[PDB]
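Just one chain follows, in the form deposited in one PDB entry, and it is written as structure tokens.
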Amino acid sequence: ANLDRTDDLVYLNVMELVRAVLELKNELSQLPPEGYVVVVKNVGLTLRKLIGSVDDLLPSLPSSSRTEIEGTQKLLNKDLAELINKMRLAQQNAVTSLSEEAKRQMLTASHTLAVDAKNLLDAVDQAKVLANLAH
């Protein structure tokens, strides 16, 4: 048995992103970029919405973990900045060998949205708990 307790709602939403972004990492070699343009939305709209959940805990944390939240919530909008910019540039009507390299690169940016989230789900976990230990 396990008496798990859901207190942090920051690692909950982000969880949906890591999944929605992980599916587009394997489908890269399946469907065209025309359909991915819509996926990046549900993959990048999960962070911009969850980021507003930790912002409230920011002022409720010490001066040690903040570097993680204030440093992750800012880069969270950069992990997709290169992914999207690569979509409109990859799916574009380009007649060159690069058209192939621009397909594998875009994917390298997708995972970024997750790789930068795994550290965020645990980052806040240390800031929230500190809110209590602190006076």
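Just count from 1 along the sequence shown to find any residue number.
There is also a form solved in complex with a partner chain; it is not shown, and the following applies to it.
The shortest heavy atom separation between residue 66 and the partner chain in the bound PDB entry exceeds 4.5 Å.
Using a 4.5 angstroms limit between non-hydrogen atoms, residue 101 is distant from the partner chain in the bound PDB entry. Using a 4.5 angstroms threshold between heavy atoms, residue 77 counts as touching the partner chain in the bound PDB entry. Taking the partner from the other structure, the partner chain in the bound PDB entry has no heavy atom within 4.5 Å of any heavy atom of residue 106. Taken together, the three residues 31, 90 and 94 lack any non-hydrogen atom within 4.5 angstroms of the partner chain in the bound PDB entry.
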